[PDB]
Amino acid sequence: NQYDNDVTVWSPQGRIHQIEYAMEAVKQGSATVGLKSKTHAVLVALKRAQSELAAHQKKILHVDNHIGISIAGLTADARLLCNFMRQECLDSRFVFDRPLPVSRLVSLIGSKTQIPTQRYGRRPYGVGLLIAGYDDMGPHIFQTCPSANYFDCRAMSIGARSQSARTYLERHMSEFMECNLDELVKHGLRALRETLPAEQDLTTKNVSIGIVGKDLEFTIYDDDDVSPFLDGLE
Amino acid sequence: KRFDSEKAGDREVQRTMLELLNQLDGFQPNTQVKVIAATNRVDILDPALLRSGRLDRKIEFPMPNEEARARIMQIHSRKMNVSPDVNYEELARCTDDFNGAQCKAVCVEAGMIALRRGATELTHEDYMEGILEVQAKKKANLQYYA
Amino acid sequence: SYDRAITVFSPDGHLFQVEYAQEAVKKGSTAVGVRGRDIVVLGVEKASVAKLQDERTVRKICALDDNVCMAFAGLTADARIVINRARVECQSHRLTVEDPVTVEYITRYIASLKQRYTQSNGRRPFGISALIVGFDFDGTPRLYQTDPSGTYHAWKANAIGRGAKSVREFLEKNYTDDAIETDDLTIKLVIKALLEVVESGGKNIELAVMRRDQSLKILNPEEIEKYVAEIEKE
Amino acid sequence: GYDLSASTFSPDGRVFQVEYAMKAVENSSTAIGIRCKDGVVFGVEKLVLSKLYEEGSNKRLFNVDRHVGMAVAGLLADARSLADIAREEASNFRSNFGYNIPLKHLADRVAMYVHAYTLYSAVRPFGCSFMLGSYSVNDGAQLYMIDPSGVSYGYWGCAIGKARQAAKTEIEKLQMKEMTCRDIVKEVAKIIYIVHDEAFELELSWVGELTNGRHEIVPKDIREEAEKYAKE
Amino acid sequence: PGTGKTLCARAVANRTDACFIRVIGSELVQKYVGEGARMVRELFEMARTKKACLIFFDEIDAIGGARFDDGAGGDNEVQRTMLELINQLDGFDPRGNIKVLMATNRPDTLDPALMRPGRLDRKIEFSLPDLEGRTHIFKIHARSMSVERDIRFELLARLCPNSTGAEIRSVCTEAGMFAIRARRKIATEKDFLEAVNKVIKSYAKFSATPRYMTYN
Amino acid sequence: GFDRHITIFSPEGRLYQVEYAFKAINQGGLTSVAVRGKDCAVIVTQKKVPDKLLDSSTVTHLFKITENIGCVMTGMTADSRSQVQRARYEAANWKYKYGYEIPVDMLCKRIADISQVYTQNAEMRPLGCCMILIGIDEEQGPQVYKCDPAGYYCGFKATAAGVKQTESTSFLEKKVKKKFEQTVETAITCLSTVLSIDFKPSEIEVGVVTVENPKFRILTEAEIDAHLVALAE
Amino acid sequence: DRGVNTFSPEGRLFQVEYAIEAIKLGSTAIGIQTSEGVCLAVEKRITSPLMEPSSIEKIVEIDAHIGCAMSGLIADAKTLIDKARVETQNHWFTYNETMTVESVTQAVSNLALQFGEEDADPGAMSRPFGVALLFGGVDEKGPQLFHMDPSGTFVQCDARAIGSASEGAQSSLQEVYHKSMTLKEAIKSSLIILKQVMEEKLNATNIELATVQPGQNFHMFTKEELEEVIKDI
Amino acid sequence: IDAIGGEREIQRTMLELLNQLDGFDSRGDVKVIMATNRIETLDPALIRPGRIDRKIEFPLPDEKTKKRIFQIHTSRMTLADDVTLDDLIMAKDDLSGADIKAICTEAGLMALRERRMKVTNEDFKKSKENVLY
Amino acid sequence: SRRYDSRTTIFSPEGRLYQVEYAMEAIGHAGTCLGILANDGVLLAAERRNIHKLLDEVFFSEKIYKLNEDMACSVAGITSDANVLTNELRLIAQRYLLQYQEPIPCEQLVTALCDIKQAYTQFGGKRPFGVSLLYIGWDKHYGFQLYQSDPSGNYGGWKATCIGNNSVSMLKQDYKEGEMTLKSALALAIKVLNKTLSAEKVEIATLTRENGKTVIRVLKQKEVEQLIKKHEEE
Amino acid sequence: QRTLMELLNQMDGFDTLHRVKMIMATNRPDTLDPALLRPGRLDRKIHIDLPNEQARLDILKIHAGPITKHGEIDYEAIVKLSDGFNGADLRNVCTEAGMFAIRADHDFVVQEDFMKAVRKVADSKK
């Protein structure tokens with residue numbers, strides 16, 4: 001495979017041959033799901049415990065002052081990318097003295113992770129962010145990707161076997177743009193509760209969620225605070 | 001194909017080919033017998049075997065597209081006892097690099113692990129779990145892919 | 001400006017450039033030292049320098065400043081750089097704290113230097129291995145042996161030359177308490193240890209002693225003969 | 001193995017890292033641009049994957065200098081990169097020379113940028129064909145189209161993408177010169193609905209005398225007027 | 001090239017209730033042009049004249065070199081032998097029931113249309129065994145040797161630890177050679193530990209399986 | 001090893017990149033023939049529009065370096081405008097750095113020299129376009145030059161460039177040993193005798209310079225149409 | 001070969017999944033977070049008996065209240081232990097307080113997956129740091145230990161085993177720890193080292209043990225304390 | 001075995017000492033002894049400590065075998081008065097196992113041209129400059 | 001690209017350096033010019049290229065290069081490289097003067113050149129300097145002395161060592177180490193060159209003194225026709 | 001290469017064959033023997049070449065002849081459109097356009113059937 005010395009090369013059909021393989025490298029990562037309402041967007045993540053027991057490698061991250069993220073791929077590379085995103089979001093707090101809008105945020109990181117895809121001997125940022133925030137208009141949510149091609153989506157799921165969570169979540173878009181926080185996050189957890197290997201429970205340990213929107217800071221619900229979100233039997 | 005050939009070369013396959021393409025488009029009497037060709041590679045071929053007439057329409061076989069693999073997974077799995085709670089569309093849109101031949105398999109060893117469980121009736125995670133078998137190539141110790 | 005990553009992880013955790021430096025110290029001289037509880041002592045079986053050498057510039061034994069001195073083993077020209085930088089930073093550590101510089105610190109500088117050449121972009125980590133002997137402010141005749149992976153050990157024989165696995169198992173056998181005297185039993189143990197390997201000291205061996213932060217004295221082949229004769233007499 | 005590096009020719013003079021980038025925009029959707037006497041009308045095909053993406057999930061009609069446009073074809077990362085440095089390029093022209101950038105100089109500038117980026121083994125070529133388009137009060141409706149090779153030509157009805165083999169025929173049979181852009185906004189849907197042979201949730205933008213050297217997503221009414229060119 | 005790539009082939013040949021056509025990778029490379037394609041089609045001709053049969057292609061990277069140019073064409077004859085091979089594996093037949101099973105130490109030098117499901121699905125990755133299983137393989141080779149009373153097996157797993165399945169037999173045979181040398185009727189730990197010093201440390205200088213682990 | 005990969009010496013000399021770059025200038029092929037007049041260096045080239053959808057004014061080769069030097073190039077048109085922009089850069093840099101406007105010869109020496117440092121260093125390909133470029137100085141007559149992608153400018157009377165170079169220079173060599181300001185039997189007739197189209201005035205681009213008027217002028221279908229109907233002798 | 005910044009046909013980097021190996025190589029270390037401290041131990045695997053065993057530094061105190069325990073490719077950690085203590089006294093310098101353990105562990109793990117061939121000035125790293133370690137430390141939140149990887153992944157841990165005994169000792173440690181210290185976690189952890197035993201019955205020459213307790217700062221155990229514990233087993 | 005001087009016939013040939021060594025069974029097929037000067041050249045596929053078992057090597061001489069191996073060949077010869085090691089140990093600063101075979105053969109032959117079975121060690125010097133100088 | 005680099009700074013699996021011992025075989029193709037010291041001064045004795053008439057005049061030859069008033073050097077191997085480095089080391093000599101007002105004792109110079117030549121074989125990815133040049137010199141500290149170095153980097157006092165083809169073993173049976181009497185050193189030099197001859201095809205050059213300052217003579221023509229008739233037998 | 005010796009030594013012979021004239025037509029002249037190429041065995045080597053523009057419209061009219069047609073069917077844009085074809089490729093053009101009418105059920109072709117015919121032949125590169 002002479003296309004192994006390879007973020008400079010092209011496969012002869014159209015393929016760049018490893019920054020879609022970084023998309024494989026975030027298919028391998030842990031599953032998560034974010035979505036948006038008409039008022040406030042939510043993020044929900046299950047956290048893998050590949051150890052004795054842990055904080056299970058805490059996924060959703062505080063970047064911001066209402067522009068929160070959800071990583072899924074490499075963790076050190078994710079932390080590098082959110083120190084970038086974090087630092088220049090605070091730089092837009094410093095200079096312009098307004099909240100940095102979510103679209104320009106995700107676009108300029110979409111131009112920051114695009115440079116090592118271009119040049120030589122530098123791997124792409126193999127992490128699939130699932131960023132979500134509430135700017136002036138409705139609470140946006142952006143999947144971006146290691147191929148530096150973000151998506152202004154609503155209700156996206158990325159991670160391990162997250163396609164089933166999408167196909168639950170695709171056929172339940174009609175009860176979005178309504179459906180307040182108490183009945184919205186239930187509707188996201190029963191979207192997350194399909195990526196699990198078919199044995200019964202979204203426990204309080206592994207599920208960490210985040211809420212952002214109108215008149216509330218991006219708020220992280222850890223091991224304790226996810227316990228008021230409880231329902232569903234399947 | 002033909003090349004400037006010093007010490008070793010090859011001329012036997014040259015004569016087989018060059019007598020093939022002249023009872024094909026040599027002299028006139030062609031109008032009885034049609035030809036079908038099938039090659040997994042095209043860049044190996046000189047335009048002698050591509051004279052617009054020797055071999056008419058060079059029809060393209062792509063990868064099976066976003067819908068087609070769901071159709072092929074419905075085709076091959078026609079004889080197996082499939083649950084009504086199945087979804088070929090998420091079996092398609094999850095698994096999109098395959099060239100249609102593997103999708104045939106996906107069905108057949110999906111049924112194989114479906115009887116490795118011992119049930120006489122297959123489910124969706126047989127398919128879903130059957131995929132994580134087409135390639136695999138291991139790679140563990142990933143409690144860190146967050 | 002050469003920036004190819006040479007010292008890279010192969011499979012099964014094997015860092016091949018460093019083990020290639022381990023054969024590069026396996027294919028040198030045969031250096032040896034003994035921590036002899038009031039004295040320290042070295043020795044390196046030299047070649048045919050009597051035919052037409054200059055004994056002044058065949059020195060496997062150098063001196064760092066006054067008390068610490070080392071016997072390299074391997075490639076004999078990448079070592080002299082490490083000698084020079086050891087002398088330079090040793091004078092800098094006489095500049096700051098103004099001590100008879102401790103042997104621990106300079107051997108941490110050597111091991112940290114070679115480990116810094118197992119990291120940088122394209123510069124082939126060294127094929128040397130040291131015997132940092134010496135003293136400190138209160139006696140303590142500490143010996144140290146470094147490694148091309150930058151790992152230093154505070155051991156007491158460390159025969160690390162070319163045919164010196166036999167010498168270090170011999171020194172494992174024959175060094176318990178009989179060499180706690182002034183110099184004679186220790187130097188007898190060294191010249192016995194190298195006369196295990198080659199031939200007579202009138203052409204081959206040369207030594208060096210160091211006594212209580214004074215008088216780094218080498219041994220000319222007239223004096224080495226007396227000790228050799230005693231060993232022969234046994 | 002004369003492949004895999006843009007600094008190495010073929011034995012018949014054909015740098016394969018460029019023609020591999022050219023098919024890398026031939027596996028992406030169409031984006032047609034039609035010139036007429038009052039300005040240039042763009043229209044981009046969209047290939048909406050899931051219902052999860054909302055309207056304008058990925059912009060493919062960018063704008064650059066408050067009058068030139070960016071109907072792009074290939075990799076949206078690379079096209080978005082040269083879109084924003086085109087923004088910086090017209091920024092350096094307007095800041096530097098005061099006068100608002102004529103489009104020929106911008107197409108030659110971005111053209112030699114993406115060409116001079118295909119002379120080195122230390123970079124890959126871009127994987128994005130794209131086209132420009134505007135008019136000043138005395139310019140004419142200038143549009144240009146730029147390949148990943150870096151060549152930039154002035155066109156009338158250029159079309160890039162997957163189905164440009166179909167799309168060039170209808171634009172050729174459409175009457176090109178003398179109609180007043182509103183009809184051709186409507187007529188753009190006929191090209192897009194013909195070349196889409198399979199959600200096709202298309203998107204249009206132009207510059208014209210109804211705009212006075214600007215860009216708008218359509219405004220929004222022809223999206224329910226050019227949608228009525230179904231059944232053709 | 002350390003795992004029982006074939007050893008499993010000898011097991012499925014050991015019990016088969018069937019035929020077993022072993023055909024190794026250079027009984028096919030005979031130097032008349034087209035003749036290597038003659039032996040392959042002949043092989044599948046006598047394969048179909050036996051119900052419930054199978055076949056084994058050892059060392060199939062002897063027919064590889066995926067599909068080269070038309071300049072200095074050197075692999076071409078080899079190509080067509082391989083080509084008729086993948087014409088017999090899937091083309092125009094009720095196919096009988098030849099359960100082909102093929103074992104090589106080399107990925108994609110074997111091109112596509114060979115690995116693609118239909119003619120070689122369910123590929124098996126004999127990776128180097130972990131800490132748990134590797135004990136077991138010397139548990140296979142401790143069915144001998146008249147060993148000492150108490151011997152720490154998992155120690156001998158964690159001293160080698162990334163060797164290869166079909167070696168630990170060189171630890172076995174080597175330490176038995178140390179025990180016969182030292183005229184002992186048993187095998188201690190320090191001849192095991194003397195052996196893992198001898199065939200892990202001193203025999204990694206030239207003997208390389210990170211070279212094929214990159215190939216996988 | 002890497003003789004046909006890197007711009008380095010193979011055995012027997014013959015570095016295998018510049019003749020791989022020479023074969024790059026024959027790609028497609030829109031073909032220039034330059035005519036020199038003891039008082040007028042005319043320019044000819046053929047230019048084919050594909051589909052009547054290109055803007056025919058925008059597609060050209062025929063660039064203008066300065067007010068006295070024109071140029072035309074037949075290589076791959078991606079590598080053309082990267083080369084002509086540096087020639088404009090060194091022309092204006094010559095006029096800013098050394099006073100007078102640059103004469104035509106050492107301009108072609110200089111772009112031949114940066115093309116040399118393309119084919120001297122590795123990690124860059126020698127870009128495949130050759131620069132037929134004309135111009136008049138005060139001292140001598142009109143000149144014409146062509147630097148190749150190897151950097152070997154010569155000083156020509158009448159070469160050509162592109163596909164069908166050998167037939168063109170054979171026709172010009174057979175039609176210069178006889179002895180031409182009008183250049184009516186030389187300039188177009190090299191094209192119409194090499195490739196036999198007998199052009200209408202669309203597909204041909206002509207760029208003249210004259211001693212009486214040294215400004216580089218690209219001609220239009222009126223005057224080139226009179227130039228073509230003058231082929232009725 | 002291929003470079004360092006490439007992804008593997010399994011799914012991860014080459015140099016990272018190769019840096020998970022050379023952790024099986026090297027000595028074994030264990031740590032147990034309790035409710036009133038955290039204990040660390042390492043069997044530092046002395047080769048010869050001709051020598052001095054109390055200078056194989058595998059329990060290294062970052063600060064007074066953070067002690068690390070490395071393994072694997074030894075002495076590759078000294079640059080990032082240096083960054084750990086320099087970052088520690090930078091934190092105490094600029095902020096006049098103690099630290100967490102996720103701030104030193106946050107700061108070190110940023111340096112793990114930070115390398116590359118063609119990048120900034122050659123003081124950067126080529127290979128990733130092939131040393132897995134864990135910071136036993138006490139905080140105002142609680143005593144805790146943070147197991148790092150060479151991938152930069154760090155996790156909360158209360159009972160974690162590294163080195164060659166990362167499967168059997170980890171599975172043994174999985175079933176023997178739930179409650180608290182009460183002085184016997186340090187005696188039920190060298191018992192796991194007692195099952196691990198490679199060369200010698202775990203006397204006070206081949207294991208180094210150190211605890212970090214909230215009352216004191218740390219305690220690197222000397223010889224008579226160790227053999228006081230070994231006598232009790 | 002060292003395989004030097006297309007390439008793929010050598011590749012398949014090495015693959016058949018490889019596989020024809022250890023494919024499915026073996027008779028009493030000890031003796032696969034391979035002599036080699038270039039161990040770093042051949043493909044490390046032969047040794048799966050199965051295909052090629054336990055293997056043994058050596059440093060070139062030491063001086064003990066310069067003496068002990070020098071006095072085997074010249075034990076057949078007739079030189080007795082000034083058998084030496086000063087012209088043998090550090091003379092060439094390691095001399096092959098053969099160079100002493102050729103020093104005995106060229107020594108006795110060079111003293112055999114002048115027709116005597118005598119003990120001359122100055123003719124031995126002309127043998128030294130004659131064979132390796 | 002990493003496919004293109006020659007990778008000069010790599011250890012062999014046998015531990016040695018491939019591009020360094022290829023320079024050692026470059027010396028054996030072209031190289032002569034032994035050097036003999038005495039109680040009196042030191043001489044080089046050299047060979048030119050061939051018999052090819054077509055050579056008008058060398059001021060000094062292409063072999064013996066002047067470095068200070070009291071040093072000189074001779075050159076083996078590739079002549080294009082060493083010219084550069086000898087001008088390089090000539091710079092070193094003069095700047096020692098600028099730093100110290102001493103005539104640079106020659107071991108300092110040989111150490112400096114061997115450090116920079118070791119630096120070219122250490123990193124930078126370049127080919128090493130293919131020349132095993134040697135040096136003659138005098139200082140007030142030591143006596144007349146010659147040093148000899150190689151493209152690996154090490155060096156030494158090599159009292160009668162020659163370089164190039166047909167390797168010096170006869171000299172280590174003929175050189176009297178105590179006293180040498182430089183006229184007989186000329187006689188031994190034309191002995192060795194007479195086995196391996198007027199100044200058309202020889203280049204011999206001596207270093208002597210009068211009243212303290214050193215004199216470097218290049219031994220003009222007729223002296224060679226003296227010494228070539230100073231034989232009968234040899 | 002001993003059969004070519006007999007064919008070669010009877011093209012040459014010891015006469016000149018004096019009445020018979022052989023002519024040979026092949027692709028790849030750059031693999032032929034020099035002995036058989038030396039003026040004598042084959043004197044006037046003819047380079048038959050691809051149609052330029054005039055020959056393009058010639059082939060287009062000749063294979064567009066017996067198919068039923070339009071009147072003012074624009075040959076000139078077809079010939080202008082894309083060069084580098086062959087005679088076989090232009091009868092491939094009329095064959096594909098007649099194919100378009102034969103699965104599309106029309107009377108003859110239209111201008112868009114030649115125009116749709118060339119632009120699929122232009123897809124058929126190597």
# chains A, B, ... in the order shown; residues from 1 in each chain; ligands from 1
call {"tool": "residues_around", "arguments": {"residues": "residue 8 of chain B", "least_positions_apart": "2", "cutoff": "12 Å", "atoms": "only C-alpha atoms", "output": "list in words"}}
result
residues 3, 4, 5, 6, 10 and 11 of chain B; 71, 72, 73, 74, 75 and 76 of chain E; 6 of chain H
call {"tool": "closest_atom_pairs", "arguments": {"of": "chain F", "to": "chain I", "cutoff": "10 Å", "atoms": "only C-alpha atoms", "output": "CSV"}}
result
residue,atom,partner,partner_atom,distance
F:1,CA,I:4,CA,9.2
F:2,CA,I:4,CA,7.6
F:5,CA,I:4,CA,9.2
F:6,CA,I:4,CA,8.4
F:123,CA,I:1,CA,8.4
call {"tool": "select_by_dssp", "arguments": {"residues": "segment 28-229 of chain I", "states": "strand (DSSP E or B)", "output": "PDB file with C-alpha atoms, in the first residue's frame"}}
result
ATOM      1  CA  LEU I  34      53.120   8.774   4.966  1.00  0.00           C
ATOM      2  CA  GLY I  35      54.688  10.899   7.692  1.00  0.00           C
ATOM      3  CA  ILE I  36      57.765  10.281   9.838  1.00  0.00           C
ATOM      4  CA  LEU I  43      58.090  15.040   7.154  1.00  0.00           C
ATOM      5  CA  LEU I  44      55.297  14.104   4.789  1.00  0.00           C
ATOM      6  CA  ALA I  45      56.064  11.908   1.795  1.00  0.00           C
ATOM      7  CA  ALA I  46      53.449  11.923  -0.921  1.00  0.00           C
ATOM      8  CA  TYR I  65      48.748  22.394   2.687  1.00  0.00           C
ATOM      9  CA  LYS I  66      50.191  25.065   4.954  1.00  0.00           C
ATOM     10  CA  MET I  71      51.771  23.231  11.091  1.00  0.00           C
ATOM     11  CA  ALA I  72      50.874  21.535   7.833  1.00  0.00           C
ATOM     12  CA  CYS I  73      48.447  18.876   6.654  1.00  0.00           C
ATOM     13  CA  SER I  74      48.196  16.202   3.977  1.00  0.00           C
ATOM     14  CA  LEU I 134      46.628  13.965   8.750  1.00  0.00           C
ATOM     15  CA  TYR I 135      48.622  16.731  10.385  1.00  0.00           C
ATOM     16  CA  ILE I 136      52.162  17.644  11.338  1.00  0.00           C
ATOM     17  CA  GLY I 137      53.039  20.334  13.801  1.00  0.00           C
ATOM     18  CA  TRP I 138      54.999  21.683  16.723  1.00  0.00           C
ATOM     19  CA  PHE I 144      57.554  17.681  17.122  1.00  0.00           C
ATOM     20  CA  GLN I 145      54.365  15.737  16.670  1.00  0.00           C
ATOM     21  CA  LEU I 146      52.079  14.426  13.966  1.00  0.00           C
ATOM     22  CA  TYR I 147      48.436  13.471  14.347  1.00  0.00           C
ATOM     23  CA  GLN I 148      46.261  11.399  12.069  1.00  0.00           C
ATOM     24  CA  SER I 149      42.484  11.460  11.677  1.00  0.00           C
ATOM     25  CA  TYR I 155      42.418  10.579  15.861  1.00  0.00           C
ATOM     26  CA  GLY I 156      45.750   9.963  17.483  1.00  0.00           C
ATOM     27  CA  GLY I 157      49.450  10.382  17.714  1.00  0.00           C
ATOM     28  CA  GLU I 203      55.830  14.989  -3.403  1.00  0.00           C
ATOM     29  CA  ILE I 204      57.908  14.914  -0.218  1.00  0.00           C
ATOM     30  CA  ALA I 205      57.972  17.834   2.207  1.00  0.00           C
ATOM     31  CA  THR I 206      59.789  18.353   5.499  1.00  0.00           C
ATOM     32  CA  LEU I 207      59.327  20.444   8.620  1.00  0.00           C
ATOM     33  CA  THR I 208      62.476  21.587  10.443  1.00  0.00           C
ATOM     34  CA  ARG I 209      63.620  24.763  12.162  1.00  0.00           C
ATOM     35  CA  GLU I 210      66.367  27.273  12.741  1.00  0.00           C
ATOM     36  CA  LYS I 213      60.899  29.581  14.382  1.00  0.00           C
ATOM     37  CA  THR I 214      59.775  26.579  12.346  1.00  0.00           C
ATOM     38  CA  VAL I 215      60.630  26.119   8.667  1.00  0.00           C
ATOM     39  CA  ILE I 216      58.306  24.186   6.355  1.00  0.00           C
ATOM     40  CA  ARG I 217      60.194  23.105   3.241  1.00  0.00           C
TER      41      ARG I 217
END
call {"tool": "closest_residue", "arguments": {"among": "D:12, D:122, D:165, D:7", "to": "chain G", "atoms": "only C-alpha atoms"}}
result
D:122
call {"tool": "atom_distance", "arguments": {"atom1": "atom CA of residue 115 of chain H", "atom2": "atom CA of residue 127 of chain H"}}
result
15.5 Å
call {"tool": "interface_residues", "arguments": {"of": "chain E", "to": "chain A", "cutoff": "10 Å", "atoms": "only C-alpha atoms", "output": "list in words"}}
result
residues 66, 107, 108, 109, 111 and 215 of chain E
call {"tool": "atom_distance", "arguments": {"atom1": "atom CA of residue 70 of chain J", "atom2": "atom CA of residue 119 of chain J"}}
result
19.9 Å
call {"tool": "atom_distance", "arguments": {"atom1": "atom CA of residue 55 of chain B", "atom2": "atom CA of residue 119 of chain E"}}
result
28.9 Å
call {"tool": "residues_around", "arguments": {"residues": "segment 179-196 of chain G", "least_positions_apart": "6", "cutoff": "7 Å", "atoms": "only C-alpha atoms", "output": "list in words"}}
result
residues 34, 35, 36, 39, 169, 202 and 229 of chain G
call {"tool": "residues_around", "arguments": {"residues": "residue 210 of chain D", "least_positions_apart": "2", "cutoff": "10 Å", "atoms": "only C-alpha atoms", "output": "MDAnalysis selection string"}}
result
chainID D and resid 38:39 181:182 206:208 212:214
call {"tool": "closest_atom_pairs", "arguments": {"of": "chain B", "to": "chain A", "cutoff": "8 Å", "atoms": "only C-alpha atoms", "output": "Markdown table"}}
result
| residue | atom | partner | partner_atom | distance |
| --- | --- | --- | --- | --- |
| B:90 | CA | A:163 | CA | 6.7 |
| B:93 | CA | A:163 | CA | 7.6 |
| B:94 | CA | A:163 | CA | 5.8 |
| B:141 | CA | A:50 | CA | 7.8 |
| B:142 | CA | A:50 | CA | 7.6 |
| B:143 | CA | A:50 | CA | 4.4 |
| B:144 | CA | A:75 | CA | 6.8 |
| B:145 | CA | A:29 | CA | 4.5 |
| B:146 | CA | A:30 | CA | 5.4 |
call {"tool": "interface_residues", "arguments": {"of": "chain I", "to": "chain C", "cutoff": "9 Å", "atoms": "only C-alpha atoms", "output": "PyMOL selection string"}}
result
chain I and resi 2+5+7+9-16+114-115+118-119+122-126+152-161+171-173+175+177
